[PDB]
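Reviewing the structure listed below.
Protein chains: 4
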Amino acid sequence: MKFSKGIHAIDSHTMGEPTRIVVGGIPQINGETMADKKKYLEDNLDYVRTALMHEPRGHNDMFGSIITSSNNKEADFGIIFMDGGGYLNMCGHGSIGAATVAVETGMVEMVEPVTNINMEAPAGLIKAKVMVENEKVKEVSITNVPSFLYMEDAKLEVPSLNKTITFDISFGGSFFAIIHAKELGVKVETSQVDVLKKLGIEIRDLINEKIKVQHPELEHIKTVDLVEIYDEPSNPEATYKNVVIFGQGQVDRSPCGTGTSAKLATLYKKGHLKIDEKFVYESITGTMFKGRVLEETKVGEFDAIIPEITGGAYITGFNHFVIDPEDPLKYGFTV
Amino acid sequence: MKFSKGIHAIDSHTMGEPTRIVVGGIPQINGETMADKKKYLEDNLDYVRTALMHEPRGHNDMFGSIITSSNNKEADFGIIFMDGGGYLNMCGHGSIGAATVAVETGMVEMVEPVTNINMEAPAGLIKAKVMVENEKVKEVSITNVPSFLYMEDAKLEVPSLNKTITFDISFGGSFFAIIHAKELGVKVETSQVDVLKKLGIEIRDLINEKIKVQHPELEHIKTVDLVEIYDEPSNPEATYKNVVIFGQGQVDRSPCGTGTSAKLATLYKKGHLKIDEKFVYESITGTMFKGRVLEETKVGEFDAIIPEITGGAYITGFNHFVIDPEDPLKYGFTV
Amino acid sequence: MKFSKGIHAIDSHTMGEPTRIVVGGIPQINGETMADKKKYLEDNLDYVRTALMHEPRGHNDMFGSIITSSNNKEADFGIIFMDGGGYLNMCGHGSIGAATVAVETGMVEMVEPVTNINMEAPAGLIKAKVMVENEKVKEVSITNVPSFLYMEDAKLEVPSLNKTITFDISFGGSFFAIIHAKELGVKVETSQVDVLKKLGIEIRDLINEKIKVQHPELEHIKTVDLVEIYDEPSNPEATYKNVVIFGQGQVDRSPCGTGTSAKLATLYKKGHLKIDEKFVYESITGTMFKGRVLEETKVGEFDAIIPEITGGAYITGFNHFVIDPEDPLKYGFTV
Amino acid sequence: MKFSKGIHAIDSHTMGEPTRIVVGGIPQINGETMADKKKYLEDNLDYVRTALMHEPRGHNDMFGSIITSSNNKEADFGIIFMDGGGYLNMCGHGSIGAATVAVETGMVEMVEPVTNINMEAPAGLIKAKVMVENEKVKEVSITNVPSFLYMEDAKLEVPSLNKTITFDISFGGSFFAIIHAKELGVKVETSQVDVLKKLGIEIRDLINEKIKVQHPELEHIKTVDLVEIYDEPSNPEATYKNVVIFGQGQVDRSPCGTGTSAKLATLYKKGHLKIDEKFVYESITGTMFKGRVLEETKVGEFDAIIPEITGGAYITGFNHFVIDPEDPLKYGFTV
Ligand SMILES: O=C([O-])c1ccc[nH]1
Ligand SMILES: O=C([O-])c1ccc[nH]1
Ligand SMILES: O=C([O-])c1ccc[nH]1
Ligand SMILES: O=C([O-])c1ccc[nH]1
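Chains as they are written, first to last, in PDB author numbering: chain BBB, 1 to 335; chain BBB', 1 to 335; chain AAA, 1 to 335; chain AAA', 1 to 335. A prime marks a further copy of an entry chain.
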């Protein structure tokens, strides 16, 4: 044996889309706020990140999060998100994960009915309530950012062969792009979606050319990751079926929280029911998140809502990672 | 927490291509020989296999092996190989892994100069010597089956667009199919090889139509997995660069032992040097196995050799897997 | 870090009395029968045993075992028993411990009413039935080796303090000497643990040499390795309570299954309590086992009683032991 | 299995005297200073402490701590100290243990010559320098809180056996009473451990109430929690050797860093050995620390000596503790 570095992680997964929750192995992250804690994980580390997210440990579509100290006084703990493509600001599919594992293990004391836990993340402080049935977690509701519709219609080039036929854009903590499948020859099944991953990611690059828009107020994103394909379900519980291409060139096995916390803008104002409804929203894997509007914050420009999205995480093993200072691929090797 | 089942694995990787080595969690596997031990893992289990190899735990190109009891008296232990596509009979990339981890941990006493360990596997008893430098393993030489060339030239249909231009076939513990890249528009880099994985796997199905051949003596394989693309290296240490498409629809991140233990038939008889030479043979990842002929067993039909292939495995964390009897994806979920 | 060997274990406890269960730390261990499996420990290793049982890992007292392969038909797995002082032939609280974990971790599939496990002492094949209440284990009934009275009364020696006279000695999977707490004048409280330990192993020694001591079968035995003190109870739920001094000078925190299976074996032959009757045997700590007499049987000399004893184990953490080949105390300390 | 909470730990030992280091079992623990971090343990939890230190997990003796966040500038991380009896302010062998592991596991990056770690007692910020020899740690120099003589001579009481007279008492990060082994008539061998433990905590109690006992700073202290027996050595490499009775009635297997940092503090003021001079202080077990006097300093009453002590820790396995919410002894047993 050998090892140099040894990192303690809990494997989760939430409706597919895995989440590696680093619990021990880095005891303190200097930063005052979780935003600069993150910056201090960027540089300095970001190779714990690569070691864990890239092969031979991780894989293309792999994800995870570090539980750290709070510094913020409200209670609980701090988290930072991370994936094959760097560090994400907020990642529902993972706020679920973190919350589930925090209660399931002793890291927070479980209430019994529903445990409220508020984690820090480099984004705004995040609010999850954990439905627990006497013994165990059943599912988690995470309340998302004020999300909104951006500019209805719009469409660019698209190669082979149509030319043709319009799309849409909206927020959800991050931007997105909406396609009704008909755009061409997609089917969104385990069987293929090799054409989907490639014809989806190429748009992320194509737009980024223009129709650039910073969210009115604050200044980070500028433009585009986080596209989306949708059309008609296969789980009868649901409505629609869709998936999301993002970060380096991955697909989401989960319906995508930040996804559903977007385009739920269309549910109001664009017709389709109005407020405090059901929405049950499922991915390629054939597993479903529940989305609901809640408050409906108009705000001066546009019209917005503060959504509540419910998913469920299950622990998939406990990990003692160790990095061979001889292993040529000791950190992240990719494809 | 919960859990029902809990399985102890050591994560390895050998020149990419990961290997999950299940050490504890199933104490006895009934079978007299490792072949029926394997059969008894097939049925009965083969969902430890799916849980570990499929998502959210494993991934498309994931691999591993169970260390079990010997029953055979020679010494050491028994192993069974397994991957996303069932159970492989022999898997160099993994005989390396197993041997490396067996010595690196206390499971076999390390010699110091080079530890000889002979593992069982459901295939023939396998022979690895482990170069160890005072403290640690450096690399492992695994001596392979009598391998051979099968029928020079040959070619079938191939769609889009050439029609055109010939291939070849040979053994290596398992069959294979050899393509000189020129066949069309391949480049064999991390950048793409989406066209390579798809245009490679489609041949595995296309042939299987005819030119069927059982290895003369014994009766298992009949026909085809385990194709191969090759042409000119990028690591100057090497010669050629190539990769292998196999099992369900994966690529090998390793050069492929069973690969190199084949087509080293061409090195003799077909020209190219003769016997007890160097061959250094590298994959897409840009990492290299060393292959050498050794004995050269003619055998009545055809001409064969008993090769020695050297690779190196590094431990990439220790795993305590646990399966949620609520988790809908408690066993293997795929794409 | 550099570690040389690494052993994977499960921390159990059964009515106190910890049990370290080694799972897949070493892959195969040869000896045909579990007796010569034990010899193939002992003569080799027995410094896994010291490393684990002695400080700084274990402590004086501290107990545990290894799950291995069977070789023997019908048995689900092997099992050996080990402690600070060496190796015991059979351990009630240990067999409870093994069976509980075997079901609890899913090493064997759980029947739901009562899960029937056969382990391989070595003393002899033992049948444990694991009461599981839909979800989890409730208690384990272990039916022990044919137990018997040996010698009747028997005579003693003087050192500390004064001569004194009668006692008795008996088999119960391991051999025993039973004292009323009058003969020596203690009373079985934590207050006096130390005088019991010291005068306990002083008798264990100075009845040995000396006495005839043999089991008509086995023909490895001829050693009374445990001394048993008893007196009337404290908890009214229980009858007469004991503590057992053995291996180097350690007490049992459990009532000692092999101990009680020996006591109620002297009874029945002694008169008192006459088959299928309740026995509730308590330790020092306050923890109780439930014994009952079953199928009588004889052994090639004298009529025996083939008892059953019921206790309850709990898992108390999972352990990845590693030994630094620099650490001066890499193996068993002592004190 | 169902477990409620799960704590991740690293088993260490430093010249005997085990240390259980809790790493990322609980994510954030609030108290501004490490003193009120300790209070926020103690008052809350302190049954993680019992679960870990008491049987069946720990034992009488047995020691450990929690790595936490800093809050305090310049310090690499937090650290608290805990044992069977409660919480200590500062632990030499424990600070050795923490620093060794912190470097060994890569929790902090290793400098190569001498790796400088600042931990947060709470007693006060301590500086440890980890001698690492290219590959691995060789030894840790921990420079301790300003230590001093307190009271000079001082008077005693009679119970078991007879009155007797003089001794002395001193600070060394924790408060102490030092006895020549004449006053009480022992000799520090394993033979008599038990009489030392029992008469040790009997003095620890019956000097307390009674005496003045206070550190001019801190103003949480006013408790002499450790009694120190000393007499001339056995190993000629060492000078006078000791053992320390504390927390509930446990001995130290190490020479006790906080103990020696208190002894050579009475010395220098006593005459004898006059700064930057060798001190080799041995325990009972046979293990030795190296103490030396440094930068003098005073404390708001009396002149102090600010000592350094050097020992060596080794990792003795990694621990995933889990507590069954059924297990009657889920938390600390006792005996
Ligand atoms: O739904 C989300 O929050 C998310 C982030 C990245 C992929 N999905
Ligand atoms: O090289 C090998 O042995 C192998 C088996 C499957 C993929 N590679
Ligand atoms: O419970 C038992 O069988 C046992 C043996 C030694 C200590 N306890
Ligand atoms: O080494 C020490 O500092 C210590 C404190 C208690 C036991 N040992």
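Cβ coordinates follow ideal geometry from the N, Cα and C atoms, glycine included.
message = What does the alpha-carbon distance come out to for the pair AAA':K263 and AAA':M288?
response = Reading the fourth sequence from its first residue, position 263 is the one you call residue 263 of chain AAA'. Reading the fourth sequence from its first residue, position 288 is the one you call residue 288 of chain AAA'. Going from the Cα of AAA':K263 to the Cα of AAA':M288 covers about 14 Å.
Straight-line gap, AAA:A35 to AAA:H220 (C-alpha atoms, nearest Å) = Translated into the one-based positions of the third sequence, residue 35 of chain AAA becomes position 35. Translated into the one-based positions of the third sequence, residue 220 of chain AAA becomes position 220. If you draw a straight line from the Cα of AAA:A35 to the Cα of AAA:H220, it comes to about 9 Å.
request  = Given a cut-off of 8 Å, decide if AAA':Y230 and AAA':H272 are closer than it, judged by their beta-carbon atoms.
outcome  = Taking the first residue of the fourth sequence as 1, we reach residue 272 of chain AAA' at position 272. Taking the first residue of the fourth sequence as 1, we reach residue 230 of chain AAA' at position 230. No.
request  = Can you give me the Cβ contacts of AAA':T33 inside the same chain, cut-off strictly under 7 Å, excluding the 5 residues immediately before and after it?
outcome  = Indexing the fourth sequence from 1 puts residue 33 of chain AAA' at position 33. Only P122 meet the Cβ criterion.
ask   = For AAA':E296, does the count of other Cβ atoms within 10 angstroms reach 16, so buried, or fall short, so exposed?
value = Taking the first residue of the fourth sequence as position 1, residue 296 of chain AAA' is located at position 296. Within a 10 Å sphere around the beta-carbon of AAA':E296 sit fewer than 16 other beta-carbons, which makes this residue exposed.
query = Taking any heavy atom of ligand 4 as the mark, which residues have a C-beta closer than 5 Å to it, listed down the chain?
reply = In chain order, the qualifying residues are AAA':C91, AAA':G92, AAA':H93, AAA':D252, AAA':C256, AAA':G257, AAA':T258.
message = Taking a contact to mean a Cβ-Cβ separation below 8 Å, would you say AAA:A128 touches AAA:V145 in this structure?
response = Taking the first residue of the third sequence as position 1, residue 128 of chain AAA is located at position 128. Taking the first residue of the third sequence as position 1, residue 145 of chain AAA is located at position 145. In this structure, AAA:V145 does not lie closer than 8 Å to AAA:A128 by Cβ.
key: ligand 5 heavy atom lying under 7 Å from the CB of AAA:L88   = Inclusion of ligand 5 in the displayed structure is not the case, the ligand content consisting of ligand 1, ligand 2, ligand 3 and ligand 4 alone.
ask   = What residue does the alpha helix (DSSP H) around BBB:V195 start on, and which one ends it?
value = Counting from one through the first sequence, the residue named residue 195 of chain BBB turns up at place 195. That run of the alpha helix (DSSP H) goes 194 to 206.
task = Kindly provide the ranges of any beta strand (DSSP E) runs that are 3 or more residues long and lie completely inside the region 211 to 268 of chain BBB, ordered along the chain.
result = As far as the region 211 to 268 of chain BBB is concerned, its whole beta strand (DSSP E) runs of at least 3 residues are 227 to 230.
ask   = Would BBB':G172 pass as a contact of BBB':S147 if the rule is Cβ separation under 8 Å?
value = Taking the first residue of the second sequence as position 1, residue 172 of chain BBB' is located at position 172. Taking the first residue of the second sequence as position 1, residue 147 of chain BBB' is located at position 147. Cβ atoms of BBB':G172 and BBB':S147: closer than 8 Å.
query = In terms of alpha-carbon separation, which member of AAA:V293, AAA:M131, AAA:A102, AAA:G31 lies closest to AAA:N44?
reply = Working through the third sequence from its first residue, we reach residue 44 of chain AAA at position 44. It is AAA:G31.
message = Run through chain BBB and tell me which residues come within less than 9 Å of AAA:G6, C-beta to C-beta.
response = Here residue 6 of chain AAA refers to the residue found at position 6 of the third sequence. Residues of chain BBB whose Cβ lies closer than 9 Å to the Cβ of AAA:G6 are, in chain order, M1.
ask   = Does the region 291 to 306 of chain AAA touch the region 107 to 122 of chain AAA, meaning 3 or more C-beta pairs lie closer than 8 Å?
value = Contact between the region 107 to 122 of chain AAA and the region 291 to 306 of chain AAA is absent, because fewer than three Cβ pairs lie under 8 Å.
task = Please classify AAA':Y281: is it buried, with 16 or more other beta-carbons within 10 angstroms of its beta-carbon, or exposed?
result = As a first step, residue 281 of chain AAA' is located in the fourth sequence; it is residue number 281 there, counting from the start. A buried status is given to AAA':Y281, since no fewer than 16 other beta-carbon atoms sit within 10 Å of its beta-carbon.
request  = Closer than 9 Å, Cβ to Cβ, to anything on chain AAA': give me those residues from the region 296 to 330 of chain BBB', in chain order.
outcome  = Within the region 296 to 330 of chain BBB', the residues whose Cβ lies closer than 9 Å to any Cβ of chain AAA' are, in chain order, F318, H320, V322.
message = Let me see if you follow: with CB-CB separation under 8 Å, is AAA':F81 close to chain AAA or not?
response = Position 81 of the fourth sequence holds residue 81 of chain AAA'. No, because no Cβ of chain AAA sits closer than 8 Å to the Cβ of AAA':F81.
ask   = Does at least one heavy atom of ligand 2 sit under 7 Å from the Cβ of BBB':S141?
value = Indexing the second sequence from 1 puts residue 141 of chain BBB' at position 141. Taken from the Cβ of BBB':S141, every heavy atom of ligand 2 lies 7 Å or farther away.
inquiry  = Beta-carbon within less than 7 Å of BBB:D76's beta-carbon, same chain only, minus the 5 sequence neighbours each way: which residues are those?
reply    = Counted from its first residue, the first sequence places residue 76 of chain BBB at position 76. Same-chain partners within the cutoff: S70, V108, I117, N118, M119.
key: Where AAA':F279 falls, given that 16 or more other Cβ within 10 Å makes a residue buried   = Here residue 279 of chain AAA' corresponds to residue number 279 of the fourth sequence, with the count starting at 1. It is buried - the Cβ of AAA':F279 has at least 16 other Cβ atoms within 10 Å.
ask   = Across which residues does DSSP place AAA:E282 in a beta bridge pair?
value = Position 282 of the third sequence, counted from the start, is the residue given in the question as residue 282 of chain AAA. As computed with DSSP, AAA:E282 is found in a beta bridge with AAA:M288.
task = Please specify which runs of the beta strand (DSSP E), each continuous and at least 3 residues long, are wholly inside the region 17 to 57 of chain BBB', giving them in chain order.
result = Whole beta strand (DSSP E) segments, 3+ residues: 18 to 24.
ask   = According to DSSP, what are the bridge partners of BBB:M62?
value = Counted from its first residue, the first sequence places residue 62 of chain BBB at position 62. Paired residue(s): none; BBB:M62 is not in a bridge.
request  = Determine the chain AAA' residues that contact AAA:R253 at a beta-carbon separation under 9 Å, and present them in chain order.
outcome  = As a working mapping, residue 253 of chain AAA is identified with position 253 in the third sequence. Correct list: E55, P56, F333, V335.
query = So does AAA:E17 have its beta carbon nearer than 7 Å to some heavy atom of ligand 3?
reply = Position 17 of the third sequence, counting from 1, holds the residue named residue 17 of chain AAA. Indeed, a heavy atom of ligand 3 lies less than 7 Å from the Cβ.
request  = Could you check how far apart the C-beta atoms of BBB':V244 and BBB':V193 are, in whole angstroms? I think they sit under 8 Å.
outcome  = Start at 1 with the first residue of the second sequence, and residue 244 of chain BBB' comes out as number 244. Start at 1 with the first residue of the second sequence, and residue 193 of chain BBB' comes out as number 193. Cβ-Cβ separation between BBB':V244 and BBB':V193: approximately 12 Å, too far for a contact (criterion under 8 Å).
key: Where AAA:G172 sits in the DSSP three-state scheme   = By one-based count along the third sequence, residue 172 of chain AAA stands at place 172. In the structure shown, AAA:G172 falls within a coil segment according to DSSP collapsed to helix, strand and coil.
query = Would a C-beta distance cut-off of 8 Å place BBB':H54 and BBB':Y314 closer than the cut-off?
reply = Your numbering for residue 54 of chain BBB' matches position 54 in the second sequence. Your numbering for residue 314 of chain BBB' matches position 314 in the second sequence. No, these two residues do not count as a Cβ contact at 8 Å.
query = Looking only at DSSP bridge pairs, what is BBB:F333 linked to?
reply = Your numbering for residue 333 of chain BBB matches position 333 in the first sequence. Beta bridge pairing from DSSP links BBB:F333 with BBB:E55.
Beta-carbon spacing of BBB':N319, BBB:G317 below 8 Å = Here residue 319 of chain BBB' corresponds to residue number 319 of the second sequence, with the count starting at 1. Here residue 317 of chain BBB corresponds to residue number 317 of the first sequence, with the count starting at 1. Taking 8 Å as the cut-off, the Cβ atoms of BBB':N319 and BBB:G317 count as close.
request  = For BBB':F302, verify whether its CB is less than 7 Å away from any heavy atom of ligand 2.
outcome  = Reading the second sequence from its first residue, position 302 is the one you call residue 302 of chain BBB'. No, since every heavy atom of ligand 2 falls outside the 7 Å radius drawn around the Cβ of BBB':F302.
task = Output the distance between the C-alpha atoms of AAA':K37 and BBB:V101, rounded to the nearest integer angstrom.
result = Numbered from 1 along the fourth sequence, position 37 holds the residue referred to as residue 37 of chain AAA'. Numbered from 1 along the first sequence, position 101 holds the residue referred to as residue 101 of chain BBB. If I take the Cα positions, the gap works out to 24 Å.
query = With 8 Å set as the bound, which would you pick, yes or no: does the beta-carbon of BBB:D194 sit closer than that to a beta-carbon of chain BBB'?
reply = Indexing the first sequence from 1 puts residue 194 of chain BBB at position 194. Chain BBB', which has a Cβ nearer than 8 Å to the Cβ of BBB:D194, makes this yes.
message = Would you say the beta carbon of BBB:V193 is closer than 7 Å to some non-hydrogen atom of ligand 1?
response = By 1-based counting over the first sequence, the position of residue 193 of chain BBB is 193. If you check the C-beta of BBB:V193 against ligand 1, you find no heavy atom less than 7 Å away.
message = If contact is defined by three or more beta carbon pairs under 8 Å, each pair taking one atom from either stretch, is the region 55 to 64 of chain BBB in contact with the region 55 to 64 of chain AAA'?
response = With contact defined as three or more Cβ pairs closer than 8 Å, the region 55 to 64 of chain AAA' and the region 55 to 64 of chain BBB are not in contact.
task = Starting from the beta carbon of BBB:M107, find every residue of chain AAA' whose beta carbon is closer than 7 Å, and list them in chain order.
result = Here residue 107 of chain BBB is taken as the residue at index 107 of the first sequence, counted from 1. Here the neighbours are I26, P27.
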